[PDB]
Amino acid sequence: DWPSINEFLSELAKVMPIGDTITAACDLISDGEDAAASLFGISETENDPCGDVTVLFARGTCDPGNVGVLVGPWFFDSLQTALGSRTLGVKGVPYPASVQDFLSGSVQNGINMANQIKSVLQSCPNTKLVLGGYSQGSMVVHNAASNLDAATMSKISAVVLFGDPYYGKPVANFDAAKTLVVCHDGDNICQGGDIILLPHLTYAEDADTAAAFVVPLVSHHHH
């Protein structure tokens, strides 16, 4: 039902406003993602109950829904495949993913995500919780970790960030050995910029590698 990553990227190439700043590209990115989602049957909103593994995912600036189409869905499918029989529940982070918060620092969004993390840990104390972010969503994850103590962050199994605008900064109050940051060569966002270039839109290619990073970190008996 879903296309291959190659077919997915070729369809995006027809509409994505490559070379524009996020401000100039915002509405075209949102429309392009929505059109690809409708064409391919890819969900841009996730609100599952906790699974054996649960991912809290913060989407990119101007991405539709609560997970977008570019990266999140591919990462969830790869992770579910890598988990075999174990179930994966995905919950999108309900924040605006606005241009202004990207340009400012997305900080109250970090506090809200820190509350969502605390709430999921209380509601699902037996799930293996993984945090994921793309673009501004990676800033939200960084800010959530900055607002949590090391004892709470110790309850997180893994963190995966794609196209991190804070690339180079570690995830606060957390073991860096449990973090994977995927930042493509030539992605202007990872350089602290605001230009949307092709390397920022192709993180679906890293879904399998990101899933492989997570799997060893989500065992109930590996301490």
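When you see a residue number, it is the position in the sequence shown, counting from 1.
For the pair 114-122 and 134-142, the mean Cα B-factor is higher in 114-122. Set 189-197 against 34-42 and average the Cα temperature factors; 34-42 ends up higher. Take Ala211, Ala24, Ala204, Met16 and read off each C-alpha B-factor from the entry; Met16 has the highest. Between the residues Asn109, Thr152, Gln100, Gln80, the entry's highest C-alpha temperature factor is the one at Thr152. Ranked within its chain, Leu148 lands in the highest third, by CA B factor from the PDB record. Among the modelled residues of the chain, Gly72 sits in the lowest third by CA temperature factor in this PDB entry. Among all modelled residues in this chain, the alpha-carbon of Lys128 has a temperature factor (C-alpha) in the middle third.
Sorting the modelled residues of the chain by their CA temperature factor places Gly89 in the middle third. When the modelled residues of the chain are ordered by their C-alpha B factor, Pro170 lands in the highest third.
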